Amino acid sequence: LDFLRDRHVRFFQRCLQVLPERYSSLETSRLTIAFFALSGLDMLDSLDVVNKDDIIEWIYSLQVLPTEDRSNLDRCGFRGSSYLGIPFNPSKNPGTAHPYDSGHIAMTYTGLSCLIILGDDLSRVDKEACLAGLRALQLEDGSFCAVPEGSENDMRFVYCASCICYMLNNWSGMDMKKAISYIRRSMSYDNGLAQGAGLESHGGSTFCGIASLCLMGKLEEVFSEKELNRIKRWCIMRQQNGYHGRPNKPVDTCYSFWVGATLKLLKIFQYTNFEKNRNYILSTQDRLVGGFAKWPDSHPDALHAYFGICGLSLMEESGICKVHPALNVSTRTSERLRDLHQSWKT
């Protein structure tokens, strides 16, 4: 039907407030929930309904700063929340040593991203510490882990690393040559990109791989025209009405962004069917509580609400800012980031 803009604004507001205990499993990634909400409000041009200053302090309290003796550099970045019990400190005093306190790549990413959206200038971010932490996360095969203590490694984190380096406008955070190698090796026989070599290609990892290369400004250099044509074919074949993540799987609203954004980066999103995509996304809209779900008549969540809105944005929905397809923020925010990078270079 129609886009219930105000309802979605309220939905995101509620996400930033208080959640029922049934959402406890999101504790360690509250920062990315904040991202979905903040970036979602930005996308709807409603960042005025929140107190940017309070939220900025909260985010800074999540930064893992180097200790006096700077012996924990390999563990700096941002935490997903305060679940460790470390005393509230909005990046004021130095770091309070803790045996298991370290950053998480997806949190360092969403954290920096949130700060930029809120208008902060990142002056309180220990850029060198974050980059040191990032470097420590890269494996021999070029991919990344989420935390220094060890975790699964895949394309998702390669994208996070790329975004971090891009936002801090410094690529010393990774061995780009090895990352590119990992991305190439993930290409499947069916031409999509998988989480890793040999795995089933997926809409999500294809976005992560392609967006990473675009952020590095090496798409053309890494893939030949023939290769890019094969990838484009794989991606555009994902549309059924809305988009699915892999062949023979049901469509899901969030792919309208994952795959749609990939198509945009490959310059052929314009050749997709807008109406069927838009109609599907809206059919998953929760007209009562707001937000979007993965499927129609399904429960809405911050992730699908945000990506459904970004999916709509790709087709320039009336009332939604244009999303920067590779950075995953509003073009307005990406622009503000350009200014920031400029001001630093002086």
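Residue indices: 1-based, along the sequence shown.
Remark: stretch with higher mean C-alpha B factor among 252-260 and 93-101 is 93-101. For the pair 219-227 and 187-195, the record assigns the higher mean C-alpha temperature factor to 219-227. Which of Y159, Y109, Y182, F88 has the largest Cα B-factor in the deposited entry comes down to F88. The PDB entry gives the largest Cα B-factor of the residues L31, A302, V50, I320 to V50. Ranked by C-alpha B-factor against the other modelled residues of its chain, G80 falls in the lowest third.
When the modelled residues of the chain are ordered by C-alpha B-factor, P66 sits in the highest third. Annotation for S298: C-alpha temperature factor in the highest third relative to the rest of the modelled chain, per the entry. For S46, the recorded CA temperature factor ranks within the highest third of the chain's modelled residues. The entry lists a Cα temperature factor for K177 that places it in the highest third of the chain's modelled residues.
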